[PDB]
Amino acid sequence: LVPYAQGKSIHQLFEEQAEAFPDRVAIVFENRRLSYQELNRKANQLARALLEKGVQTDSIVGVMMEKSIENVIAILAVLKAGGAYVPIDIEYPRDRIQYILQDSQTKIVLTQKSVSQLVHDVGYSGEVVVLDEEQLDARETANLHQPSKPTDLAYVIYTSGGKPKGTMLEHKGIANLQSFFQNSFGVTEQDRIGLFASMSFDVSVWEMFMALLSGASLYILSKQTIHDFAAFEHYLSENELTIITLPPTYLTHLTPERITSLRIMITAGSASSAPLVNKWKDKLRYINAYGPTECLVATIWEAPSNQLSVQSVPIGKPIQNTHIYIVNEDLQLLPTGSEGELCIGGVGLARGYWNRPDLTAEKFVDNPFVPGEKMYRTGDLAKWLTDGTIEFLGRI
Ligand SMILES: Nc1ncnc2c1ncn2[C@@H]1O[C@H](COS(=O)(=O)NC(=O)C[C@H](N)c2ccccc2)[C@@H](O)[C@H]1O
């Protein structure tokens with residue numbers, strides 16, 4: 001076992017950073033910023049308000065907000081109250097929003113003034129908390145210390161293949177992720193980390209807690225900054241951001257020379273390409289990161305900074321405390337060179353799919369190699385290379 005904070009919750013790890021780095025910048029959005037102490041206090045105030053409204057272990061709390069500092073306060077508050085959040089994309093079709101609200105059965109939705117009309121337009125019948133109406137400045141600001149377990153729910157991400165399905169992720173996988181980031185990327189409180197992905201895409205979880213579980217600062221990129229490639233490059237350079245994660249298609253539009261500060265560039269979610277990697281791997285640390293939503297992230301490949309061109313782009317090796325099994329249709333293990341289904345075991349596996357027991361049992365099978373554990377069948381095709389890295393080959 002690679003060490004990590006085995007018994008600690010996500011918010012407990014955040015609180016350790018706020019205690020160690022109270023006056024460091026935690027989060028930036030446009031011309032606003034909050035220190036760790038300020039962010040923690042505001043999240044504690046909201047968390048107490050959420051407790052009074054029934055949030056408890058494995059409660060799912062909907063979030064319908066624009067990306068902003070208050071969006072992150074809402075997330076941390078839900079975790080501190082002992083619950084789990086479900087990010088609901090306010091740009092989805094109304095009927096998809098309604099499906100997620102109704103399927104999740106959430107009894108509380110956190111929103112903002114400019115979004116409250118949409119909440120009414122989807123006919124949501126639960127409790128609605130308009131955060132920029134609430135005056136919480138009077139509430140206690142200290143940490144709550146609610147009961148928590150690593151196996152408690154932390155977030156539910158809806159994805160679609162059929163109808164949307166809620167993928168249930170627990171605290172323990174994100175606690176492991178903290179140690180992965182500190183060990184493998186060397187993340188420290190000095191880093192400045194962009195937030196690029198939608199909060200409905202679990203890459204945003206990776207980005208947000210990359211910053212907030214290590215004392216680093218999280219720079220929430222505005223819509224206009226992302227839309228304009230030169231504005232994006234200027235924003236990263238002016239603010240001296242050190243780490244960013246991007247879709248490969250977005251990265252193809254960027255110029256290394258116009259980004260002066262990055263030490264790590266991660267691409268995730270889609271296949272990268274040898275020409276793309278060769279353009280960046282000798283200017284900074286280029287990382288290809290792979291995973292299904294059902295364990296957030298499973299493998300990483302750091303491209304070699306050796307002034308020699310690569311001809312292909314592996315998805316690399318399992319992250320700490322994650323196991324990869326490449327198997328045939330009978331779940332038998334394959335030798336190097338043989339293509340099979342990529343399956344995953346380890347601490348980051350989702351609990352399953354919300355109120356979908358048969359689908360959960362089909363996809364999160366008994367681990368044939370580790371009695372008493374589960375193994376997730378990704379549906380991705382892959383093979384081991386002779387050097388022990390993994391080549392991604394699409395879908396089985
Ligand atoms: N690096 C890849 N190369 C090539 N195909 C890929 C790759 N990363 C995913 N994929 C594909 O995308 C699927 C998962 O799609 S997803 O549920 O929308 N999640 C993501 O795309 C992001 C993923 N959860 C994640 C989050 C944070 C860090 C790393 C990865 C995988 O099963 C693969 O088919």
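Computed from heavy atoms alone, side chains included, the values below leave out hydrogens, waters and symmetry copies. Positions are given from 1 along the sequence.
Taking the six-membered ring where the residue is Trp, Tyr155 and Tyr85 present tilted rings, their angle falling between 30° and 60°. Between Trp301 and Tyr286, the ring planes lie perpendicular to each other; the angle is over 60°, past the 30° to 60° tilted range. Under the 30°/60° scheme for interplanar angles, the aromatic rings of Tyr250 and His253 are found to stand perpendicular.
Taking the side chain to side chain donor-acceptor pair (under 3.5 Å) definition, one finds that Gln56 meets it with nothing, sequence neighbours left out.
Between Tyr158 and the choices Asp103, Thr293, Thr167, the side-chain hydrogen bond (donor to acceptor under 3.5 Å, both in side chains) rule is met once, by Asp103. Put simply, the residue from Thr151, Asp58, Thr360 that forms a side-chain hydrogen bond (donor to acceptor under 3.5 Å, both in side chains) with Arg351 is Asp58.
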Given the rule in the side chain to side chain contact (heavy atoms under 4.5 Å, CB included) test, do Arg395 and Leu381 qualify, once you have shown the distances and angles that lead to the verdict?
CA-CA 5 Å; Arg395 301 289 292 167; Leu381 192 66; over 6 Å; no

Decide yes or no on side chain to side chain contact (heavy atoms under 4.5 Å, CB included) for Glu66 and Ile90, but give the supporting numbers first.
CA-CA 8 Å; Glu66 301 276 11; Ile90 67 181; 3.6 Å; yes

Begin with the C-alpha distance, continue with both residues' side-chain angles, and end with the deciding distance and a verdict on side chain to side chain donor-acceptor pair (under 3.5 Å) for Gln45 and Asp137.
CA-CA 7 Å; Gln45 290 179 312; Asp137 276 286; 5.0 Å; no

Would you check, one step at a time, whether the test ring pair (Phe, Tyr, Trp, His ring centres under 6.0 Å) holds for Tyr353 with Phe364?
CA-CA 9 Å; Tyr353 302 118; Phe364 297 84; 5.5 Å; yes

Report the C-alpha separation of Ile390 and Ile326 in whole Å, then their side-chain angles, then the decisive distance to 0.1 Å, and conclude whether the side chain to side chain contact (heavy atoms under 4.5 Å, CB included) test is met.
CA-CA 9 Å; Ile390 297 160; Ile326 298 181; 4.1 Å; yes

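Distance CG/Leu169 to CG/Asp202: 7.0 Å, rounded to 0.5 Å. Remark: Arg48 CZ to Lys80 NZ distance equals 8.5 Å, nearest 0.5 Å. Here the CG atom belonging to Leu385 is positioned 5.5 Å from the CD atom belonging to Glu391, to the nearest 0.5 angstrom. One finds the NZ atom of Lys165 at 3.0 Å from the OG1 atom of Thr159 (value rounded to the nearest 0.5 Å).
Across every non-hydrogen atom of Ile344 and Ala298, the tightest pair is CD1-CB, 3.8 Å. Across every non-hydrogen atom of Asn278 and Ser309, the tightest pair is OD1-CA, 3.4 Å.
Ion pairing between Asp152 and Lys172 fails under the 4.0 Å rule for side-chain N and carboxylate O.
In this structure a side-chain-to-backbone donor-acceptor pair under 3.5 Å is missing from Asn143 to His145. Judged by distance alone, the side chain of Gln112 and the main-chain N or O of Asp132 form no donor-acceptor pair under 3.5 Å. A donor-acceptor pair is defined here as one N or O able to donate and one able to accept, closer than 3.5 Å; no such pair exists between the side chain of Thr322 and the backbone of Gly346. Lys67 places a side-chain N or O within 3.5 Å of a backbone atom of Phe196 that can act as its donor or acceptor partner. A donor-acceptor pair is defined here as one N or O able to donate and one able to accept, closer than 3.5 Å; no such pair exists between the side chain of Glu294 and the backbone of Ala350.
Taking the ring axis of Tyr99 as reference, the NZ or CZ atom of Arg96 does not stay both within 45° of it and closer than 6.0 Å to the ring centre.
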